[PDB]
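Undergrad: Can you read through this structure? Questions will come right after.
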Amino acid sequence: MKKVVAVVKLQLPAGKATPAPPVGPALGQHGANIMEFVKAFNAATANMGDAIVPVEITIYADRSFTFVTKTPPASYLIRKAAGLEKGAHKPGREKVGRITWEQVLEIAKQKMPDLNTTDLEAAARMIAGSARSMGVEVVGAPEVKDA
């Protein structure tokens, strides 16, 4: 028994997971608990939705699998900072989706723990611009003449 003894470096599909992974035995022999493995996975990938995520299941001989990923594209925290209850629907004049500049920033800041990004303006345009993709507006974005 020592520090990290097995690292499962590979891709994994959010949700759409099952007792039939490429590892299975290569992971089961550990003795741990498969269902537990998948549970925490599926359970988190389910809490976030089905998708694809690169992971390196850091397994320590003490029989412990360290590994957690999340932070969906936008709706992740946008859902709150925005204000989407039921969701999208037929066109309407109600107009919804208003996030503030600082809020999208902080949300666009911790968004890159070690990603190839450090420019606020980039991550900003991402969360914001992405919002534009989705269908939201930012209360902060000067670019219109007053006359």
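Since every read-out is calculated from the coordinates, none of them should be taken as a lab result. Here the Cβ is made from the backbone with ideal geometry for all residues, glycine too, and neighbour counts use every protein chain on show.
Undergrad: What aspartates and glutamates could a cross-link reach from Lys3, if we take a straight Cα to Cα line under 17 Å and drop same-chain neighbours fewer than 8 places away?
TA: Qualifying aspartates and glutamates at Cα under 17 Å: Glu56, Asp62.
Undergrad: If the cut-off is a Cα-Cα distance under 23 Å, which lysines reach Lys39, setting aside same-chain residues fewer than 8 apart in sequence?
TA: Straight-line reach from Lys39, under 23 Å: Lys9, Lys16, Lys70.
Undergrad: Next up: Per residue, what volume in Å³ does the Cα convex hull of the chain take up? Can you show the working numbers first?
TA: Numbers: hull volume 21.3 nm³, N = 147.
Enclosed volume per residue, from the Cα hull, is 145 Å³.
Undergrad: Take every Cα pair under 8 Å in the chain that's 6+ residues apart, average their separations, divide by the length, and report that relative contact order as a whole percent. Write out the running numbers ahead of the final one.
TA: Details: 162 pairs, mean separation 32.0, N = 147.
Worked out over the chain, it gives 22 percent.
Undergrad: Over all Cα pairs of region 71-139, how is the pair count split among 10 Å bins, expressed in % and running from 0 up to the last occupied bin?
TA: Result, from short to long distances: 20, 54, 20, 5, 0 percent.
Undergrad: While we're on this one: Kindly provide the trypsin sites (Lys or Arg not before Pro) of region 12-90 that DSSP labels as loop, not H, G, I, E or B, and whose Cβ sees at most 11 other Cβ atoms within 10 Å.
TA: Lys16, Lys70, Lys86
Undergrad: Another question, if that's okay. Along the charge dipole of region 1-126, pointing to its positive end and built from +1/-1 on Cβ of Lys, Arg, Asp and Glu, which listed residue (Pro113, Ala82, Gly28) has its Cα farthest out?
TA: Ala82
Undergrad: If you don't mind, another one. GNM on the chain, C-alpha springs below 10 Å: top fluctuator among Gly49, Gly24, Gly87?
TA: For the chain, modelled as a Gaussian network with Cα springs under 10 Å, the answer is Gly87.
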